[PDB]
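Down below is the structure, laid out as structure tokens.
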Amino acid sequence: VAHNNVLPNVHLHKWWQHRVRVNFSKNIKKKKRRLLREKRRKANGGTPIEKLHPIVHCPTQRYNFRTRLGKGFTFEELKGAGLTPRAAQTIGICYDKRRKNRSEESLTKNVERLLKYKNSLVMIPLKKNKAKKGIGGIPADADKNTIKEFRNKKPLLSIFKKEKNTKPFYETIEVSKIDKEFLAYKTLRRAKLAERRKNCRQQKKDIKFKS
Amino acid sequence: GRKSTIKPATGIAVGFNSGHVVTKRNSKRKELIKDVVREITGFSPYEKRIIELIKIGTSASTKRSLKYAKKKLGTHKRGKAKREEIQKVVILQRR
Amino acid sequence: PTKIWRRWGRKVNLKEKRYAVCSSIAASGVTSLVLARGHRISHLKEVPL
Amino acid sequence: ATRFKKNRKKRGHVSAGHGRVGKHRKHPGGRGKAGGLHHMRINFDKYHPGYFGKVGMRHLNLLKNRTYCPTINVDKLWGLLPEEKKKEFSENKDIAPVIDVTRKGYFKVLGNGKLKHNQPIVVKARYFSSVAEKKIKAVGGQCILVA
Amino acid sequence: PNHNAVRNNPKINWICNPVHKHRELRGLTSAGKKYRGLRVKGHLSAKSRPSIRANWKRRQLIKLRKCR
RNA sequence: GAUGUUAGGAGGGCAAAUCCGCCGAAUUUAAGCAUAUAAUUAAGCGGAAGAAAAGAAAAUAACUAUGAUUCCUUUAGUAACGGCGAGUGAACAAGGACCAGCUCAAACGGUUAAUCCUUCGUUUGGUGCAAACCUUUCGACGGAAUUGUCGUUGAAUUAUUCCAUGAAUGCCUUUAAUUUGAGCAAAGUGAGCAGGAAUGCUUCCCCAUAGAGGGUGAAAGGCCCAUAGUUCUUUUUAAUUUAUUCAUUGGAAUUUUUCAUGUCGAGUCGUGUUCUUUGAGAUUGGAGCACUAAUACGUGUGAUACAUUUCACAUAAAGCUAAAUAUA
RNA sequence: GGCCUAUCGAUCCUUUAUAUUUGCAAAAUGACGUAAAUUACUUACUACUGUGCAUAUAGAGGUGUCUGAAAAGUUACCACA
């Protein structure tokens, strides 16, 4: 070690030559993934191969304002839509048991999303030319003419993608509706100060309730 | 920090019941089998000692029993549960 | 020995790459530069052809 | 790369450009950070002052999401609008902009700089400094605490 | 697995496959799941899950790309 | 329980890169060395597959909450460990790739185990030249199985709606891909010069969707093979086309209304103690020994020992499972 | 502090002092305290709020090879740089 330069810190000390791997494969691997998935989509009778997913709000403090694709619509959301899980599963709507709709807005938003997908889709009669009403709340089958014309149409995949949050921060308010007597900083610090005593009371209420 | 499931959260970011402002949403066979098992099998040896301590029925004897139970099962939680359960049996049998 | 893990490639920068393309096309535009680059371009009517 | 290297400039010279008299021997002090506190102590004192020992409270899992919170000073606040919008507010007194500090990904508003005197502004954010509240109030604006 | 009753039954069938020879010698019994720490999930068992060696190997694994 | 050259079957060994169990060092680093370090490495020994392992919550969070597993990008050289020296060192979120769920056991079903299997047989097919394979229902006679196989997945019951079903006559067309072998395959062997012999040099001709590569007596698009290009044929699998009548048994999903509010893996978890191992710190996982539980208002997590208690999240101590992913 | 010139000790660690300074990671432990309030998961309002462990600050426990490894001999049997 010599003069001003930062302290050395390289963790290659335990044997590392026997442990490199260099990816020369990037473009070819990417090409391969694309080609298989495209082949699969081609194989699957002109159907989409993508499955529907619920939009969910991200975990914790860090991403509280952001929203992403989750995993699995829940039973409440399916029921609200008018579907039952196995039936939903067949038409590519993905299930889970784990999620639970904590707050109202998320349930309403997801049932609208399910409904929009449901209303969009048109169903192939299973054994050809034998169209029926069908089970589980799955959309009823359709004739030859509608299907033929629809197959010729482009299948628009926009619903599968994540919902853009439309920015609305550049917004306007009249000056004479502003309320200038408020003290936000004071309220905040006082609230932090008073937290333990509020917890103490809440705990007492919780005890009272349980008996 | 604790939340409240009624009186929905304040819109501020900190202090009690805080956060974003969205509207929050909301035995017979067992006894029979246990009774049959008890008739077949009786108490544990340690349980017999515990019964005698409870039967003595004093603060020193009960305190000793609680400590003994804690030693035998490990931990307070298990020991307390067992002491209460045996004590209940002793009262019921004495009755 | 020469290993498999020499620093083979380089991450050339998007804005620079774009500029290089624009500038190269622009250079092709100029008659003197194409001629200088050594093409036998003497009888051509116009260099942006 | 290789053709420019220093050794080629010195190519026939016995030391390889690395001292005839003492010569370049292997590992000449001992490995890495070894000489700290002892024979290279003077370097450690003179280049990394505070380095040795422990100080302060331990924290068993940081879980860094909890404590995340980017800052912005009030100074930059009008700059989050485009130019044309700002001019329009300067012209028209009756309306003022609200600014939701969350959409641009900042959490706490701090007090550096000077705001334009007598443009009110409504500031929506998770956190504020004491100074920031006073400044925002001074120009006739309001602070709204918001999750 | 060389007798019909296990081969026919759609239940339990899997054990006839060639890939389940010697489960007890490989840590693929309930005891096996136990000493590998596969019984307890969550943060508490941390590094065990894809196999202890495998996890160590992934953490050590030093990775480069063509352009860096 | 033995015994059988009884009848049918199976395991042994070779191969190891990736892959899974064990068992397990030291040189080394620290300018010495004893803890650490080297390293949960090497050697040793066992076991698999075309990938394996993992996997369907005794998870994380503390949010507006997420939601099987793996991998990538990352957090992060950070929280943390450490003669707090040398050095070592995670997890959650987030962006992606991929995206798949499940069944035993437990409960419930006795005017009848509704199961399962060997051997003997017996028939509706289809391919194939043949060999042969491939579908196909139907009985025997043994056994096995209540020391528990099978069905069901609380229980009936309403309306709605589906799925298997069996017979008759009919009908297997056009295309698109995809992948094999297949063919066919453009113009100069023109002067003159020097040379053993041009593919050289001139010069006069040309072809190219072929001027890739190779061969040929010196550098050849036109000398040859091949090449570009197509024409077939092979693999499978899409789309398209035609079903229509009649037939009965059986099953499924919601929906009403009732009535039942049931179950949930023990010398195991846990605890003490040891030793080991770790990011794990008054113990991270494992392991030995000693002690040894509770029943779902239970008991397990919520990374500092504890008591007295909230609340959130989960349902341990049984099993399986494609993908991405790895390959000296 | 000793008429002046000498009279001495890093990190970790321990130890005991200091504070209207702090932590123990989803929470609580003074205290249902003080007012109200109704019969309740009620509303305000209070610098002082369990045990144990940890920090921060300040001394002290010692390194005399005294800018700080926890370390005895022998080889005429010996090896190597």
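Chains as they are written, first to last, in the working numbering: chain E, 290 to 500; chain H, 84 to 178; chain C, 150 to 198; chain U, 12 to 158; chain X, 33 to 100.
Ideal placement from N, C-alpha and C gives every residue a C-beta, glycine not left out.
Checking the DSSP bridge columns, you'll see E/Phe458 has no partner listed. Secondary structure at C/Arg167: helix, using DSSP grouped into helix, strand and coil. The bridge partners DSSP lists for U/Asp111 are U/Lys135. The way I'd put it, the stretch 443-452 of chain E does touch the stretch 341-361 of chain E; three or more beta-carbon pairs between them come closer than 8 Å. Cβ neighbours of H/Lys138 within its own chain (closer than 7 Å, five residues either side excluded): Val173.
Short of 8 Å from the beta carbon of E/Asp385, and not among the five residues preceding or following it, lie these beta carbons of its own chain, in chain order: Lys360, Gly361, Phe362, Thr363. Look at E/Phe362 here: in three-state DSSP terms it is strand. When Cβ-Cβ separations below 8 Å define contact, E/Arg357 makes no contact with chain U. The Cβ atoms of U/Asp105 and E/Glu463 lie closer than 8 Å to each other. Put simply, the backbone Cα of C/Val179 is about 36 Å away from that of U/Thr13. Just so you know, the alpha carbons of X/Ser77 and X/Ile84 end up roughly 11 Å apart.
Contact between U/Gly151 and E/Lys469 is confirmed by a C-beta separation of about 7 Å, below the 8 Å threshold. In this structure, the beta-carbon distance from U/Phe55 to U/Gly47 falls below 8 Å. E/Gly426 is positioned such that its CB atom lies closer than 8 Å to that of E/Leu372.
The continuous beta strand (DSSP E) containing U/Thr82 extends over residues 82-84. In this structure, E/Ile436 keeps its C-beta atom at 8 Å or more from the C-beta atom of E/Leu410. Close to chain H, meaning a Cβ-Cβ distance shorter than 8 Å, is no residue of the stretch 360-378 of chain E at all. For H/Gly94, the neighbours in chain U by C-beta distance under 8 Å run, in chain order, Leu156, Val157, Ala158.
Scanning E/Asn418, E/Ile467, E/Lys456 for the CA closest to the CA of U/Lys148 turns up E/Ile467. Taking 9 Å as the Cβ-Cβ cut-off, the stretch 102-123 of chain H approaches chain U at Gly102, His103, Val104, given in chain order. In this structure E/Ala370 does not touch E/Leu396 by the C-beta definition: roughly 11 Å separates them, more than the 8 Å allowed. With a cutoff of 8 Å on beta-carbon distance, H/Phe99 and E/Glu484 are scored as near each other. E/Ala377 counts as buried, since at least 16 other C-beta atoms from the protein chains shown sit within 10 angstroms of its C-beta. One finds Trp154 in chain C with Cβ atoms closer than 7 Å to the Cβ of E/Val309, taken in chain order.
Our two residues, U/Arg36 and U/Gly30, have alpha carbons roughly 11 Å apart in a direct line. For E/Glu463, the secondary structure class from DSSP, reduced to helix, strand or coil, is strand. A check of alpha carbon separations from U/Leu126 across U/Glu144, U/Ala107, U/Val85, U/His50 identifies U/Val85 as the nearest. About 6 Å separates the beta carbons of U/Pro108 and U/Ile132, which is inside the 8 Å limit, making them a contact pair. Between the alpha carbons of E/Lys319 and X/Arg100 lies a distance of about 17 Å.
Annotation note: the stretch 303-356 of chain E contains the following uninterrupted beta strand (DSSP E) runs of length 3 or greater, listed N- to C-terminal: 309-312, 344-346. Following the DSSP letters along the chain, one finds E/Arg485 inside the alpha helix (DSSP H) bounded by residues 484-499. Taking C-alpha positions only, E/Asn312 is separated from X/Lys98 by approximately 6 Å.
In chain order, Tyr138, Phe139, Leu156 make up the part of chain U whose C-beta sits under 8 Å from the C-beta of E/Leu477. With three or more CB-CB distances shorter than 8 Å, the stretch 85-97 of chain X counts as touching the stretch 300-316 of chain E.
Looking only at U/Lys34, U/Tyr138, U/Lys75, U/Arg22, the smallest Cα-Cα distance to U/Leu156 is reached by U/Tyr138.
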